[PDB]
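One structure below.
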There are 2 protein chains.
Amino acid sequence: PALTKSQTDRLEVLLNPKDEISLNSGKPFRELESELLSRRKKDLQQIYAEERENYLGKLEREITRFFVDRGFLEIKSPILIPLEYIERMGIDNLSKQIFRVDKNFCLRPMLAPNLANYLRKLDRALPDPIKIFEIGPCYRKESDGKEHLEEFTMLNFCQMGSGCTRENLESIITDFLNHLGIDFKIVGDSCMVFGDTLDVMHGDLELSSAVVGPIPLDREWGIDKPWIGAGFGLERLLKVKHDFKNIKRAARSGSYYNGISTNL
Amino acid sequence: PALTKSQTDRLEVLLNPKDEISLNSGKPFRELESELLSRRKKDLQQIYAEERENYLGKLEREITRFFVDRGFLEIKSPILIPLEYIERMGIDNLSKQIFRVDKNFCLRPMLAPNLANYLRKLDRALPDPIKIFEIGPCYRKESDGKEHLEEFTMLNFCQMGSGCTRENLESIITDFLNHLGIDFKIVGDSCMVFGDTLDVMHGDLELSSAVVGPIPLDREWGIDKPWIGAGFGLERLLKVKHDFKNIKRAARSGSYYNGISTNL
Ligand SMILES: Nc1ncnc2c1ncn2[C@@H]1O[C@H](COP(=O)(O)OP(=O)(O)OP(=O)(O)O)[C@@H](O)[C@H]1O
Ligand SMILES: Nc1ncnc2c1ncn2[C@@H]1O[C@H](COP(=O)(O)OP(=O)(O)OP(=O)(O)O)[C@@H](O)[C@H]1O
Ligand SMILES: N[C@@H](CCCCNC(=O)OCc1ccccc1)C(=O)O
Ligand SMILES: N[C@@H](CCCCNC(=O)OCc1ccccc1)C(=O)O
Ligand SMILES: [K+]
Ligand SMILES: [K+]
Ligand SMILES: [K+]
Ligand SMILES: [K+]
Ligand SMILES: [Mg+2]
Ligand SMILES: [Mg+2]
Ligand SMILES: [Mg+2]
Ligand SMILES: [Mg+2]
Ligand SMILES: [Mg+2]
Ligand SMILES: [Mg+2]
């Protein structure tokens, strides 16, 4: 008895990357579902007993330690931001991906504007170079796909002043991804906001877009020094680390806990 | 030369709880402002050199360790939630405090609905009792006040099954606030959502509302076991810990870093 698409979809939800269970074997659907369900219950019992940290939270904490230890100031800035920030980033009506809140606000689609404000303000107080980073939620309307979430988690680190070269930027990215054990290559790309970017690729998967300033947009933000920065999606890092087939396994969600289906 | 309200407001921004500087001394405004500015620059230089962690982020990590170590599963759930969750929590049109996103969504004003879903789902897999917690942003339209933010950070921990008594709930709260070094008392109050609550008070400041279930709302969420839970505002905990006069010092913001004005 062949499997329906609904049945295939259910078994894929319950299947984990570490499993070696074939759906196209001729085993009956209810027997495959029940076996997968029992393994996932066991996986959750082991997490609860020994490993009670959330993957996204744990990765945020790991990344935070890495950048604090390397001299970067940890920033926590608003997620609900002025809609005016969007036009001032030169996002001309990505502009269609913005989640609007009431009349004058939106959910941030990137961390960059808040971090530009911090760079400008902190340069009045802190010695050269200024090094800061943030990790937190960001929001984009997206087409349903294996690599995109509408609610995702960004890391953005940046530096302003001395040391703001492509060479140093690549070196930080290398040290960062070596710490996480993720292989990568850097490929040139372009962005309608920042211009030329350095894209950090794992296979076909874009982990990060990075930028070497200065750029003309800086004057709109009161920035007048060289700078570098890079933005990474944490759920994409987790997708790589755990070999997930769909980024939803990694997302904020009532539907998966650390890649294990909660629909048991 | 007396100080204007604008001048007073500027000096209050630059003043920290540890300062012993009188604005009503007769010192000229520009000399007071310049002295405060120089101390705040020094405070930020010391943070950057030695103490680069954000207060909200550091407190989230401290609380996370406390509850993981006590057997609670760390949850990270969506901040952007279905508007339908609001009516199902019996919030009948707090309903006016909700930030609406597009047509069918809103920014969560509490963590409770997501955690109720997790309790129900995890009870299919995990042994008794089920203990979970979340920390993260929540959103309420509020009047401008010393104790309220429109974007704040909630902790909610909860337990379902055995051990779900007022006695155990108070004991967890006591252990938690003793760990943070915050004195408190518990006072009865009422809530249009949950019914009777136990409110955790520091002086006149409400740190938490806690609830001993079960309650009739449980049937709407598939909950049929006893439960306990409590929700705490992290920025209010930081307000207490650091003696801030206004909770904005503690908030996600481009305007303060760890209680130090960024407008220097
Ligand atoms: N919708 C999304 N879901 C999950 N992660 C995302 C999403 N959008 C961006 N990211 C992550 O944020 C990083 C920096 O954002 P950027 O603006 O470069 O994305 P992007 O170039 O639009 O990505 P893509 O081309 O894959 O849509 C990306 O490299 C990616 O890792
Ligand atoms: N607008 C806010 N800003 C900061 N913290 C908040 C806010 N609303 C609630 N909290 C925190 O969340 C906890 C639990 O939420 P709850 O629904 O009990 O708040 P509340 O009873 O409406 O508080 P209040 O009466 O002070 O408005 C509160 O005890 C408080 O510590
Ligand atoms: N490449 C990432 C973001 C890189 C930016 C790094 N940091 C930062 O935002 O400050 C610089 C800056 C100055 C003026 C105007 C905007 C920004 C992305 O595309 O999401
Ligand atoms: N006192 C806190 C929240 C306490 C709730 C604890 N945990 C939880 O949400 O699950 C129980 C539950 C079951 C059915 C419907 C809603 C909730 C506040 O008022 O913000
Ligand atoms: K496999
Ligand atoms: K999500
Ligand atoms: K004082
Ligand atoms: K805020
Ligand atoms: Mg994109
Ligand atoms: Mg791209
Ligand atoms: Mg990109
Ligand atoms: Mg209230
Ligand atoms: Mg109250
Ligand atoms: Mg309350």
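First the proteins, then the strands, lettered A, B, ... as listed; each starts at 1. Quick note: numbers below take in every heavy atom, side chains included, and nothing from hydrogens, waters or symmetry partners.
Contact tally against chain B (heavy-atom pairs below 4.5 Å) for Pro127(A), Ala49(A), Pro137(A): the top residue is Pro127(A). Top candidate by heavy-atom pairs under 4.5 Å with chain B, chosen from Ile130(A), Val101(A), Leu264(A), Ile79(A), is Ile79(A). When the candidates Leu80(B), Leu56(B), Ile75(B) are compared by the number of heavy-atom contacts under 4.5 Å with chain A, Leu80(B) comes out ahead.
If you measure heavy-atom distances from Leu107(A) to chain B, the contacts under 4.5 Å come from the side chain alone. The contact between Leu122(B) and chain A is made entirely by side chain atoms (from C-beta outward), counting heavy-atom distances below 4.5 Å.
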Between chain B and chain A, which donor-acceptor pairs sit under 3.5 Å apart?
{"from": "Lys41(A)", "atom 1": "NZ", "to": "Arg124(B)", "atom 2": "O", "distance (Å)": "3.1"}
{"from": "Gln45(A)", "atom 1": "NE2", "to": "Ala125(B)", "atom 2": "O", "distance (Å)": "2.9"}
{"from": "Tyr48(A)", "atom 1": "OH", "to": "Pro129(B)", "atom 2": "O", "distance (Å)": "2.8"}
{"from": "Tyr48(A)", "atom 1": "OH", "to": "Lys131(B)", "atom 2": "N", "distance (Å)": "2.9"}
{"from": "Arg52(A)", "atom 1": "O", "to": "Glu74(B)", "atom 2": "N", "distance (Å)": "3.0"}
{"from": "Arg52(A)", "atom 1": "NE", "to": "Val68(B)", "atom 2": "O", "distance (Å)": "2.9"}
{"from": "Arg52(A)", "atom 1": "NH2", "to": "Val68(B)", "atom 2": "O", "distance (Å)": "3.0"}
{"from": "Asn54(A)", "atom 1": "N", "to": "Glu74(B)", "atom 2": "OE1", "distance (Å)": "2.8"}
{"from": "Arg61(A)", "atom 1": "NH1", "to": "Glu74(B)", "atom 2": "OE2", "distance (Å)": "2.8"}
{"from": "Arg61(A)", "atom 1": "NH2", "to": "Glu74(B)", "atom 2": "OE1", "distance (Å)": "2.9"}
{"from": "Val68(A)", "atom 1": "O", "to": "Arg52(B)", "atom 2": "NE", "distance (Å)": "2.9"}
{"from": "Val68(A)", "atom 1": "O", "to": "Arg52(B)", "atom 2": "NH2", "distance (Å)": "3.0"}
{"from": "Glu74(A)", "atom 1": "N", "to": "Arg52(B)", "atom 2": "O", "distance (Å)": "3.0"}
{"from": "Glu74(A)", "atom 1": "O", "to": "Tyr257(B)", "atom 2": "OH", "distance (Å)": "2.7"}
{"from": "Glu74(A)", "atom 1": "OE1", "to": "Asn54(B)", "atom 2": "N", "distance (Å)": "2.8"}
{"from": "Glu74(A)", "atom 1": "OE1", "to": "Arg61(B)", "atom 2": "NH2", "distance (Å)": "2.9"}
{"from": "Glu74(A)", "atom 1": "OE2", "to": "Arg61(B)", "atom 2": "NH1", "distance (Å)": "2.8"}
{"from": "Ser77(A)", "atom 1": "O", "to": "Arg252(B)", "atom 2": "NH1", "distance (Å)": "2.9"}
{"from": "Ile79(A)", "atom 1": "N", "to": "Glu151(B)", "atom 2": "OE2", "distance (Å)": "2.9"}
{"from": "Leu80(A)", "atom 1": "N", "to": "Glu151(B)", "atom 2": "OE2", "distance (Å)": "3.4"}
{"from": "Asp102(A)", "atom 1": "OD2", "to": "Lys141(B)", "atom 2": "NZ", "distance (Å)": "3.2"}
{"from": "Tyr118(A)", "atom 1": "OH", "to": "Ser253(B)", "atom 2": "O", "distance (Å)": "2.6"}
{"from": "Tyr118(A)", "atom 1": "OH", "to": "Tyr256(B)", "atom 2": "O", "distance (Å)": "3.4"}
{"from": "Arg124(A)", "atom 1": "O", "to": "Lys41(B)", "atom 2": "NZ", "distance (Å)": "3.1"}
{"from": "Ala125(A)", "atom 1": "O", "to": "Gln45(B)", "atom 2": "NE2", "distance (Å)": "2.9"}
{"from": "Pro129(A)", "atom 1": "O", "to": "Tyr48(B)", "atom 2": "OH", "distance (Å)": "2.8"}
{"from": "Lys131(A)", "atom 1": "N", "to": "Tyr48(B)", "atom 2": "OH", "distance (Å)": "2.9"}
{"from": "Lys141(A)", "atom 1": "NZ", "to": "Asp102(B)", "atom 2": "OD2", "distance (Å)": "3.2"}
{"from": "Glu151(A)", "atom 1": "OE2", "to": "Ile79(B)", "atom 2": "N", "distance (Å)": "2.9"}
{"from": "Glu151(A)", "atom 1": "OE2", "to": "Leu80(B)", "atom 2": "N", "distance (Å)": "3.4"}
{"from": "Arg252(A)", "atom 1": "NH1", "to": "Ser77(B)", "atom 2": "O", "distance (Å)": "2.9"}
{"from": "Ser253(A)", "atom 1": "O", "to": "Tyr118(B)", "atom 2": "OH", "distance (Å)": "2.6"}
{"from": "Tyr256(A)", "atom 1": "O", "to": "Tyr118(B)", "atom 2": "OH", "distance (Å)": "3.4"}
{"from": "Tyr257(A)", "atom 1": "OH", "to": "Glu74(B)", "atom 2": "O", "distance (Å)": "2.7"}

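Across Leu126(A) and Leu44(B), no two heavy atoms sit closer than the pair CD2-O, 3.5 Å. Heavy-atom minimum distance, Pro78(B) versus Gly254(A): CD-N, 4.3 Å.
Every side chain to side chain contact (heavy atoms under 4.5 Å, CB included) that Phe176(B) has, sequence neighbours left out, goes to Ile63(B), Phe66(B), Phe67(B), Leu155(B), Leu180(B), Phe232(B), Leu237(B).
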